[PDB]
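Undergrad: What follows is a single structure, and I will ask about it in a moment.
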Amino acid sequence: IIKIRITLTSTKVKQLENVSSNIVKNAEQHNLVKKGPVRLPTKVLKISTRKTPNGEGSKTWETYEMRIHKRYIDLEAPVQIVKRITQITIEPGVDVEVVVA
Amino acid sequence: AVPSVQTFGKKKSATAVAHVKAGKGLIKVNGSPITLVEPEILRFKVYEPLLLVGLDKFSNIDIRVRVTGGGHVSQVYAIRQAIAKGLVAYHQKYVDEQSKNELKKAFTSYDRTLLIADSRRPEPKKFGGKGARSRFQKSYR
Amino acid sequence: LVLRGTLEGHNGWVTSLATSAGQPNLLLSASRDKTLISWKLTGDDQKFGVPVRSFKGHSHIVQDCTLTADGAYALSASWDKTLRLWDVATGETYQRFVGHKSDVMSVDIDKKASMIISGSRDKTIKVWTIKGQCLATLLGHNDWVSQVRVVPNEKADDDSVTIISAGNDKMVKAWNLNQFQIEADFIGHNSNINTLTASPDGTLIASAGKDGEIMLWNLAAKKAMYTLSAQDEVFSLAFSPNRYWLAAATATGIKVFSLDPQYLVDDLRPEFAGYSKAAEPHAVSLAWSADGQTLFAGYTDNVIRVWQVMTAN
Amino acid sequence: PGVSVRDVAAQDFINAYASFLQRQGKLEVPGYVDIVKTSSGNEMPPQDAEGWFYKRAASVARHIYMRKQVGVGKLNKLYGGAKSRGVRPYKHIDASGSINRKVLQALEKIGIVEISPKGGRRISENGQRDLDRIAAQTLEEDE
Amino acid sequence: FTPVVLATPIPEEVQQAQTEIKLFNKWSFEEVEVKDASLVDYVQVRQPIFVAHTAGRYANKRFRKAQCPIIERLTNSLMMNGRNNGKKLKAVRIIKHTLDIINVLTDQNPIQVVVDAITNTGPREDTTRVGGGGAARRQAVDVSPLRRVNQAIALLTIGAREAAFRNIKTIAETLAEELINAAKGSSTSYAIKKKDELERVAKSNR
Amino acid sequence: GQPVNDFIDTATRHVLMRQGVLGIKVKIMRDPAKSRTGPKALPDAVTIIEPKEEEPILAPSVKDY
Amino acid sequence: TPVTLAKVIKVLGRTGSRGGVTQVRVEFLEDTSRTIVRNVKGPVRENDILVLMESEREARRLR
Amino acid sequence: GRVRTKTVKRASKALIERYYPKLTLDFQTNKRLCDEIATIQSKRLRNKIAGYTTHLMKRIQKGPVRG
RNA sequence: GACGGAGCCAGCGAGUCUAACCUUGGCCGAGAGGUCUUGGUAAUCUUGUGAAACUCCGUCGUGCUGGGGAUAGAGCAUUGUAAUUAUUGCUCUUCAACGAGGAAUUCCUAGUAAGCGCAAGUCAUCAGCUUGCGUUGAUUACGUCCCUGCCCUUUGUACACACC
RNA sequence: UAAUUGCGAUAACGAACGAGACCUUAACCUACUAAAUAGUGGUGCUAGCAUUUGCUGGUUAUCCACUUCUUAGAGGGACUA
């Protein structure tokens, strides 16, 4: 019996929501308490860069953006369930981390 | 079960929470009374709903409002909107419908919307000018 | 039966209406302003009902509502895919019922008031409990389950219930909820079928829709009696608990008919000032009282007008 | 019927507690009370070169009463000023850390404010008490 | 007078002066009179206000600046000359002190002197530009009542600033003095002097 | 619109010649009908079904099972 | 002095070279049958009142 | 200027041309009807379709159309 | 309005691995700073970013005045291998042109113009710049084809390098 | 109509791009999911006061709720009704 905390940080939002739905379904499949999703804000990584090369023309700026979403869940699991929920719970690009205490 | 209710007013960023409980009559913002928050030239603007409705109804409600955001002006507008909403939400939930609607119509027949959130938000700054719609002056020659 | 006053306090179309069979003097009206409002009756010739409370929070239109007969539990079917159970005092949220993947359309309670019925625009007929778990999940209709109604069966409280339900896939189905199945099916409507009503004695159902043709099915021998030409869309239908009437709010007027024998008593028209002929304000919500002495009618323009029973001359 | 400081004003309580402090006198005030600026955001030493230490001490006692805990840097950020950068446009510059240090240490030498857990400085029981005794004075300012 | 006192005091001066009728800060909103035709529905004094700061939307539709209350429009007009844009609490403190000066100078209600002043200084016929081939003469035009109110308040404030600029005279004193002389015109006030010049150019260019 | 991002993909290549460089900007607009990740149509085509008629008179009477 | 107070019946159209003048008809507020074309300077609307010191002119297009 | 374009006008004429006896003059009911019988990609496009459809039904109960 | 105390109210943002990022809290320094730990790989700490305009009490009273602070001398710290041809910050002092800007000319129709500060980009240090963000918050229009331009039709042409 | 926007008129008919549709953000939502990296309430325990129950707090985990304000998913809403 241990007590872990998994943090899912990604930008493909519905892949995030689907892996968190997988996690909450596996957590209710053998319930821990309920420990539903805790939802951090959208960190917005905005860059403003000139559209123009070497400088002739009207001055234009594009604000390219990245939209990062962080979520995390506590769990009260055994170590074998920890290994399964770090291994068979995988997806492209979705950063998954399990911090223990 | 200590029949309280929490409501909320919202200016452009000044967001106030309003706690209303069945009490003795104290109206407080940031722990001090509303008579001791000091823009002082909007003091009658926050005095508006109380002496609007005639103060002998406030004797059984204690209200405490906390505001985050904005400036002095928008915080006074946030607290007056929030305690007026809390008054009419009390008179909806805990006493009669027509008392709620009577205070509601007496607020509508003066209102600066007074129980309604204003949709006025600041437009972004567009590039090419230090104003939101202003631009930098040009030379032509 | 001439008009006796004016009721206001809603902001949209007054959709539906109910009272309690023990205490006739309280009203609960559900209207298109996402809010369910109660009245007390005082019998004043200009302010006949006086507002008491309103239950709020719905993300869409409360379409239907019904109460129990001692004023204990209030049920509001609203198009935000839920049905809400309250008390008529303090408005506190007792039991939310979600589960319909599209808009709930009609709810009712039975005569013991622990089996809650909700017909829904996911083509389904759902029976939940007062707790909030589902007892019966019924498929069978091709299109929307627009209105459902329990029937008041025989006396002595038998352990057996019986229900009717319209469907704008052109059916009037009656279902037996002991083994959760159909018990009878009646056909003959030409257009989409909004409203159906069962009698006090549990053998007359009068059903109609956008046709203007009120067809009566007797569930005694399961026979089908006749059809009266209502000639416009019958917005709401009600059976009278004493005169055995068909009281119908229709797309131009309000036709009220006495069944035994075939004679129509009255063709009500409330007079307005300002609205025009192709812009008529029509009636939507109808309710008799529990004693059958007053009649409530809620309209598209927020208002409820009340009719009284009186002599001819 | 109950006395707290939030039922008297801010100007009037700060001036009343400054009058208390220059009445009771001994604070271990510094020697440079007429030399200094109070901030780098000022271009002239203050007008009342006499009792601004007592006004500053009264106001910071009120501020520490009002808050949870605070330090010398955040008191500098509070009492900073708008700086005339000359022809260059204005900014916000911090106040005198030395003066804020010696006034906070003087209220430590009374024991008005003390060191707090998780650092910084928090109000004492007797600091609240004497603040509420002068609040009792100002809530009996009505003759 | 039917008193009630609560936990927080909320003093009796306020509880008496405001509950029977809703005043200004402390000024008479009752018994005011606009003595003139063509100026009703363009002033606004019948629905009062507590203080003349208000959060109104007065641009999204066309004629709602007449629905805006009038001494608010006085504060809005005095917060200009872009060293002074956006200090509206300073401006409304200026009109509070101004109506104080009006009551200590005159026995009249100060909002009545405001109504009288813009009613008296609002010019009646202006003179607009024609294409004018050659000599470029200008046709006389009867100015609208909303522009009567607009140019009245505007010239009041321009006289306040340019008579208040380089002198020990402060803003409420100068605004009060232009307001009383534009109320009962003496032809010593810059507002009504500009009014008389507008009428002279309109007559001689008619 | 955002159909630029969804339903068409670009490919810009500088191609090196015997003389100076040429460039090819291939824009392939795939179907929305087989865009199996994303919405199955450009937001310009509305798909309706046609219904089935019913005979008018029908003799309104009762069946029983 | 003859300062005449008149009532707008109908507004007519935006004259002027620069496009800021309004042609208008005025009923006289005292007689119903004296209705005058008048060029007004600010914004005018229906149902409202005007001041005229020469209410007799009745001009045409301001070019 | 709220003038409806060819997608909304053509699709609303199509659903009233093959779906007259299903629809009504109710904005809420016809919004839910376009939910059921419309394969669309926007709630605002469906709202504008349903609004012009209620507009068309409100004049079609008063007379025909040339088309 | 300047100045001196006192009230005290924001939001988008950035932030160090095998090396010098944001730095809370105590200590001294008038100030700039330097020091001893604690906190952050960040809705966890810097942060309530306690920002400024604004607000109250008080001196100053029209004099190119204490407004403005340019220039210029002396010194103390910080960044850098390096600062003189000032990197920046600070202390003292010097107290200029500037008395509301000519002919022209620019931005703008609602939380919009304007005053007011902060973040971020380059960054060892340098923001008067810019990209964003918030605070206070208007007068005036709801038009026009007059001027400068645009689109459509009709017409004229000896113009097509197209009325320069 | 802002719109080659549509109604209509037709030697034109049926089409395509552009506009619109689309997408991001901004406003509302006591309505589902919630959260010691968000806030409240109550019981902790106590500080100052007047002590007439109270007020303003302090407490990183003392507990239990709670989701109104916060955050972000799934959705609602307006279509000139």
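Order determines the names: the first chain of the structure tokens is A, the second B, and so forth; residues in each chain are numbered 1 upward, and ligands are numbered 1 upward as they are shown.
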Once you count only C-alpha atoms, what closest atom pair and distance in Å to one decimal does each residue of chain D within 9 Å of chain B have, with rows by chain and rising residue number, as JSON lines?
TA:
{"residue": "D:5", "atom": "CA", "partner": "B:32", "partner_atom": "CA", "distance": 8.6}
{"residue": "D:6", "atom": "CA", "partner": "B:32", "partner_atom": "CA", "distance": 4.9}
{"residue": "D:7", "atom": "CA", "partner": "B:32", "partner_atom": "CA", "distance": 6.3}
{"residue": "D:8", "atom": "CA", "partner": "B:36", "partner_atom": "CA", "distance": 7.5}
{"residue": "D:9", "atom": "CA", "partner": "B:36", "partner_atom": "CA", "distance": 6.2}
{"residue": "D:10", "atom": "CA", "partner": "B:36", "partner_atom": "CA", "distance": 8.3}
Undergrad: Hey, can you spit out that residue selection with N, CA, C and O atoms as a PDB file, in the first residue's frame?
TA:
ATOM      1  N   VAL D   5      -9.807  48.212  15.972  1.00  0.00           N
ATOM      2  CA  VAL D   5      -9.253  49.388  15.296  1.00  0.00           C
ATOM      3  C   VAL D   5      -9.936  49.678  13.972  1.00  0.00           C
ATOM      4  O   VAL D   5      -9.864  50.809  13.487  1.00  0.00           O
ATOM      5  N   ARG D   6     -10.632  48.706  13.382  1.00  0.00           N
ATOM      6  CA  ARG D   6     -11.231  48.924  12.071  1.00  0.00           C
ATOM      7  C   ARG D   6     -12.488  49.776  12.134  1.00  0.00           C
ATOM      8  O   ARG D   6     -13.136  49.964  11.102  1.00  0.00           O
ATOM      9  N   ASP D   7     -12.872  50.250  13.318  1.00  0.00           N
ATOM     10  CA  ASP D   7     -14.019  51.122  13.496  1.00  0.00           C
ATOM     11  C   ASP D   7     -13.610  52.570  13.750  1.00  0.00           C
ATOM     12  O   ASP D   7     -14.438  53.373  14.185  1.00  0.00           O
ATOM     13  N   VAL D   8     -12.342  52.898  13.513  1.00  0.00           N
ATOM     14  CA  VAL D   8     -11.850  54.268  13.434  1.00  0.00           C
ATOM     15  C   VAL D   8     -11.066  54.366  12.126  1.00  0.00           C
ATOM     16  O   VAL D   8     -10.648  53.344  11.571  1.00  0.00           O
ATOM     17  N   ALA D   9     -10.891  55.585  11.621  1.00  0.00           N
ATOM     18  CA  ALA D   9     -10.332  55.813  10.297  1.00  0.00           C
ATOM     19  C   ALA D   9      -8.842  55.482  10.238  1.00  0.00           C
ATOM     20  O   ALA D   9      -8.248  54.962  11.180  1.00  0.00           O
ATOM     21  N   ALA D  10      -8.244  55.766   9.075  1.00  0.00           N
ATOM     22  CA  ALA D  10      -6.844  55.431   8.825  1.00  0.00           C
ATOM     23  C   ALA D  10      -5.931  56.623   9.080  1.00  0.00           C
ATOM     24  O   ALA D  10      -4.914  56.503   9.778  1.00  0.00           O
TER      25      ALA D  10
END
Undergrad: If you count only C-alpha atoms (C1' of nucleotides), which residues fall within 12 Å of residue 86 in chain A, apart from same-chain ones fewer than 2 positions away, as a list in words?
TA: residues 4, 5, 6, 7, 8, 19, 23, 79, 80, 81, 82, 83, 84, 88, 89, 90, 91, 95, 96, 97, 98 and 99 of chain A
Undergrad: Can you tell me, as a PyMOL selection string, what residues are no more than 6 Å from residue 60 in chain C when counting only C-alpha atoms (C1' of nucleotides), ignoring any on the same chain fewer than 5 positions away?
TA: chain C and resi 34+79-80
Undergrad: Among range 37-134 of chain D, which ones does DSSP place in strand (DSSP E or B), written as an NGL selection string?
TA: :D and (39 or 70 or 81-83 or 91-93 or 95 or 113-115 or 121-123)
Undergrad: What residues in chain E lie within 12 Å of chain B, counting only C-alpha atoms, written as number ranges by chain?
TA: E: 2-12, 14-26, 47-58, 60, 68, 86-97
Undergrad: To one decimal place in Å, what is the distance between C1' of residue 83 in chain I and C1' of residue 126 in chain I?
TA: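 Computing it gives 12.1 Å between the two atoms.
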Undergrad: If we count only C-alpha atoms (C1' of nucleotides), what is near residue 23 in chain H at a cut-off of 9 Å, once residues fewer than 6 positions away on the same chain are taken out, given as a list in words?
TA: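 Near neighbours after the sequence-gap exclusion: residues 16, 29, 30, 33, 53, 54 and 57 of chain H.
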Undergrad: Convert the current residue selection to file output with C-alpha atoms, as a PDB file, in the first residue's frame.
TA:
ATOM      1  CA  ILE H  16     -38.808  22.951 -45.420  1.00  0.00           C
ATOM      2  CA  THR H  29     -38.599  23.096 -31.226  1.00  0.00           C
ATOM      3  CA  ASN H  30     -37.112  23.772 -34.658  1.00  0.00           C
ATOM      4  CA  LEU H  33     -35.427  19.508 -35.007  1.00  0.00           C
ATOM      5  CA  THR H  53     -36.668  28.264 -40.975  1.00  0.00           C
ATOM      6  CA  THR H  54     -38.985  29.722 -38.313  1.00  0.00           C
ATOM      7  CA  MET H  57     -42.744  29.023 -41.594  1.00  0.00           C
TER       8      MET H  57
END
Undergrad: Please return, as a PDB file with N, CA, C and O atoms (P, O5', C5', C4', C3', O3' and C1' of nucleotides), in the first residue's frame, all residues of chain I lying within 8 Å of chain G when only C-alpha atoms (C1' of nucleotides) are considered.
TA:
ATOM      1  P     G I 143     -26.682  57.245 -39.348  1.00  0.00           P
ATOM      2  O5'   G I 143     -26.672  58.715 -39.946  1.00  0.00           O
ATOM      3  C5'   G I 143     -26.064  58.954 -41.201  1.00  0.00           C
ATOM      4  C4'   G I 143     -25.528  60.353 -41.288  1.00  0.00           C
ATOM      5  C3'   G I 143     -24.806  60.695 -42.569  1.00  0.00           C
ATOM      6  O3'   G I 143     -25.698  60.986 -43.620  1.00  0.00           O
ATOM      7  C1'   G I 143     -23.561  61.483 -40.731  1.00  0.00           C
ATOM      8  P     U I 144     -25.614  60.159 -44.983  1.00  0.00           P
ATOM      9  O5'   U I 144     -24.792  61.118 -45.938  1.00  0.00           O
ATOM     10  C5'   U I 144     -24.874  62.526 -45.803  1.00  0.00           C
ATOM     11  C4'   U I 144     -23.545  63.150 -46.114  1.00  0.00           C
ATOM     12  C3'   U I 144     -22.853  62.606 -47.347  1.00  0.00           C
ATOM     13  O3'   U I 144     -23.278  63.269 -48.515  1.00  0.00           O
ATOM     14  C1'   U I 144     -21.333  62.733 -45.540  1.00  0.00           C
ATOM     15  P     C I 146     -19.505  65.408 -54.012  1.00  0.00           P
ATOM     16  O5'   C I 146     -18.851  66.286 -52.853  1.00  0.00           O
ATOM     17  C5'   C I 146     -19.187  67.658 -52.711  1.00  0.00           C
ATOM     18  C4'   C I 146     -18.151  68.447 -51.939  1.00  0.00           C
ATOM     19  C3'   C I 146     -16.696  68.030 -52.068  1.00  0.00           C
ATOM     20  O3'   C I 146     -16.118  68.488 -53.278  1.00  0.00           O
ATOM     21  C1'   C I 146     -17.198  68.604 -49.815  1.00  0.00           C
TER      22        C I 146
END
Undergrad: Counting only C-alpha atoms (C1' of nucleotides), what is within 7 Å of range 138-149 of chain C, bar same-chain residues fewer than 3 positions away, as a list in words?
TA: residues 105, 106, 107, 108, 119, 120, 121, 122, 123, 124, 125, 126, 163, 164, 165, 166, 167, 168, 169, 194, 195, 196 and 197 of chain C
Undergrad: Using the selection just defined, write its residues with N, CA and C atoms as a PDB file, in the first residue's frame.
TA:
ATOM      1  N   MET C 105     -38.741  15.314 -21.666  1.00  0.00           N
ATOM      2  CA  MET C 105     -39.946  15.944 -22.166  1.00  0.00           C
ATOM      3  C   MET C 105     -41.100  15.890 -21.181  1.00  0.00           C
ATOM      4  N   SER C 106     -41.389  14.738 -20.580  1.00  0.00           N
ATOM      5  CA  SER C 106     -42.512  14.742 -19.645  1.00  0.00           C
ATOM      6  C   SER C 106     -42.250  13.863 -18.438  1.00  0.00           C
ATOM      7  N   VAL C 107     -42.585  14.396 -17.269  1.00  0.00           N
ATOM      8  CA  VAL C 107     -42.434  13.653 -16.033  1.00  0.00           C
ATOM      9  C   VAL C 107     -43.763  13.588 -15.306  1.00  0.00           C
ATOM     10  N   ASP C 108     -43.899  12.521 -14.532  1.00  0.00           N
ATOM     11  CA  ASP C 108     -45.032  12.328 -13.650  1.00  0.00           C
ATOM     12  C   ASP C 108     -44.619  11.450 -12.482  1.00  0.00           C
ATOM     13  N   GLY C 119     -40.265  10.759 -19.903  1.00  0.00           N
ATOM     14  CA  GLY C 119     -40.104  10.455 -21.315  1.00  0.00           C
ATOM     15  C   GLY C 119     -39.263  11.518 -21.990  1.00  0.00           C
ATOM     16  N   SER C 120     -38.317  11.070 -22.826  1.00  0.00           N
ATOM     17  CA  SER C 120     -37.187  11.884 -23.243  1.00  0.00           C
ATOM     18  C   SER C 120     -36.937  11.788 -24.744  1.00  0.00           C
ATOM     19  N   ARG C 121     -36.406  12.902 -25.276  1.00  0.00           N
ATOM     20  CA  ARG C 121     -36.043  13.116 -26.673  1.00  0.00           C
ATOM     21  C   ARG C 121     -34.812  12.338 -27.114  1.00  0.00           C
ATOM     22  N   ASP C 122     -34.297  11.421 -26.299  1.00  0.00           N
ATOM     23  CA  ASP C 122     -33.447  10.356 -26.821  1.00  0.00           C
ATOM     24  C   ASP C 122     -34.285   9.124 -27.147  1.00  0.00           C
ATOM     25  N   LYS C 123     -35.555   9.352 -27.526  1.00  0.00           N
ATOM     26  CA  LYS C 123     -36.515   8.339 -27.970  1.00  0.00           C
ATOM     27  C   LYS C 123     -36.875   7.365 -26.852  1.00  0.00           C
ATOM     28  N   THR C 124     -36.687   7.753 -25.589  1.00  0.00           N
ATOM     29  CA  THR C 124     -36.691   6.759 -24.520  1.00  0.00           C
ATOM     30  C   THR C 124     -37.728   7.070 -23.453  1.00  0.00           C
ATOM     31  N   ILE C 125     -38.059   6.037 -22.686  1.00  0.00           N
ATOM     32  CA  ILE C 125     -39.013   6.132 -21.591  1.00  0.00           C
ATOM     33  C   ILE C 125     -38.310   5.606 -20.347  1.00  0.00           C
ATOM     34  N   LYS C 126     -38.032   6.488 -19.396  1.00  0.00           N
ATOM     35  CA  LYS C 126     -37.210   6.131 -18.256  1.00  0.00           C
ATOM     36  C   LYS C 126     -38.034   6.161 -16.980  1.00  0.00           C
ATOM     37  N   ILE C 163     -49.570   3.105 -17.583  1.00  0.00           N
ATOM     38  CA  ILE C 163     -49.099   4.393 -18.071  1.00  0.00           C
ATOM     39  C   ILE C 163     -49.454   4.513 -19.549  1.00  0.00           C
ATOM     40  N   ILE C 164     -49.583   5.751 -20.033  1.00  0.00           N
ATOM     41  CA  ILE C 164     -49.784   6.056 -21.445  1.00  0.00           C
ATOM     42  C   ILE C 164     -48.713   7.039 -21.882  1.00  0.00           C
ATOM     43  N   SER C 165     -48.480   7.109 -23.191  1.00  0.00           N
ATOM     44  CA  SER C 165     -47.398   7.911 -23.738  1.00  0.00           C
ATOM     45  C   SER C 165     -47.629   8.156 -25.214  1.00  0.00           C
ATOM     46  N   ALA C 166     -47.515   9.416 -25.621  1.00  0.00           N
ATOM     47  CA  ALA C 166     -47.583   9.765 -27.029  1.00  0.00           C
ATOM     48  C   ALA C 166     -46.216   9.591 -27.676  1.00  0.00           C
ATOM     49  N   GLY C 167     -46.224   9.552 -28.997  1.00  0.00           N
ATOM     50  CA  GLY C 167     -44.986   9.623 -29.750  1.00  0.00           C
ATOM     51  C   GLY C 167     -45.258  10.141 -31.141  1.00  0.00           C
ATOM     52  N   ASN C 168     -44.508  11.183 -31.523  1.00  0.00           N
ATOM     53  CA  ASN C 168     -44.642  11.809 -32.834  1.00  0.00           C
ATOM     54  C   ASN C 168     -44.037  10.977 -33.964  1.00  0.00           C
ATOM     55  N   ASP C 169     -43.660   9.728 -33.687  1.00  0.00           N
ATOM     56  CA  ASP C 169     -43.599   8.637 -34.654  1.00  0.00           C
ATOM     57  C   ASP C 169     -44.934   7.904 -34.730  1.00  0.00           C
ATOM     58  N   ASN C 194     -48.815  16.061 -29.710  1.00  0.00           N
ATOM     59  CA  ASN C 194     -48.229  16.726 -28.556  1.00  0.00           C
ATOM     60  C   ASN C 194     -48.811  16.205 -27.247  1.00  0.00           C
ATOM     61  N   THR C 195     -50.130  16.261 -27.087  1.00  0.00           N
ATOM     62  CA  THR C 195     -50.703  16.085 -25.765  1.00  0.00           C
ATOM     63  C   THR C 195     -51.673  14.908 -25.713  1.00  0.00           C
ATOM     64  N   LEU C 196     -51.638  14.210 -24.581  1.00  0.00           N
ATOM     65  CA  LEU C 196     -52.545  13.109 -24.301  1.00  0.00           C
ATOM     66  C   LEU C 196     -52.903  13.172 -22.832  1.00  0.00           C
ATOM     67  N   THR C 197     -54.152  12.833 -22.528  1.00  0.00           N
ATOM     68  CA  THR C 197     -54.640  12.919 -21.160  1.00  0.00           C
ATOM     69  C   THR C 197     -55.454  11.677 -20.823  1.00  0.00           C
TER      70      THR C 197
END
Undergrad: Give me the residues near residue 98 in chain C as a list in words, where near means some atom within 10 Å (using only C-alpha atoms (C1' of nucleotides)) and where sequence neighbours in that chain fewer than 4 positions away do not count.
TA: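 Returned residues: residues 80, 81, 82, 83, 84, 104, 128, 132 and 133 of chain C; 32 of chain J.
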Undergrad: For chain F, report every residue with an atom at most 10 Å from chain C (counting only C-alpha atoms), formatted as a list in words.
TA: residues 54, 55, 56, 57, 58, 59, 60, 61, 62, 63, 64 and 65 of chain F
Undergrad: Mind giving me the straight-line distance from CA of residue 7 in chain F to CA of residue 32 in chain F in Å, one decimal?
TA: 6.3 Å
Undergrad: Find the residues near range 12-17 of chain F: any atom within 9 Å, counting only C-alpha atoms (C1' of nucleotides), skip ones fewer than 6 places away on the same chain, and give them as a PDB file with N, CA and C atoms, in the first residue's frame.
TA:
ATOM      1  N   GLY F  23      11.198  26.542 -57.332  1.00  0.00           N
ATOM      2  CA  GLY F  23      10.468  26.181 -56.133  1.00  0.00           C
ATOM      3  C   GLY F  23       9.083  25.647 -56.435  1.00  0.00           C
ATOM      4  N   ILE F  24       8.682  24.616 -55.698  1.00  0.00           N
ATOM      5  CA  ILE F  24       7.395  23.965 -55.898  1.00  0.00           C
ATOM      6  C   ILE F  24       6.601  24.053 -54.608  1.00  0.00           C
ATOM      7  N   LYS F  25       5.396  24.609 -54.684  1.00  0.00           N
ATOM      8  CA  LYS F  25       4.511  24.736 -53.536  1.00  0.00           C
ATOM      9  C   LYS F  25       3.272  23.884 -53.751  1.00  0.00           C
ATOM     10  N   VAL F  26       3.343  22.608 -53.393  1.00  0.00           N
ATOM     11  CA  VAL F  26       2.261  21.671 -53.665  1.00  0.00           C
ATOM     12  C   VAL F  26       1.230  21.819 -52.566  1.00  0.00           C
ATOM     13  N   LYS F  27      -0.012  22.088 -52.949  1.00  0.00           N
ATOM     14  CA  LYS F  27      -1.124  22.129 -52.010  1.00  0.00           C
ATOM     15  C   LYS F  27      -2.043  20.966 -52.341  1.00  0.00           C
TER      16      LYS F  27
END
Undergrad: What's the separation between CA of residue 153 in chain C and CA of residue 202 in chain C, in Å to one decimal place?
TA: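 Pair CA of residue 153 in chain C / CA of residue 202 in chain C returns 5.0 Å.
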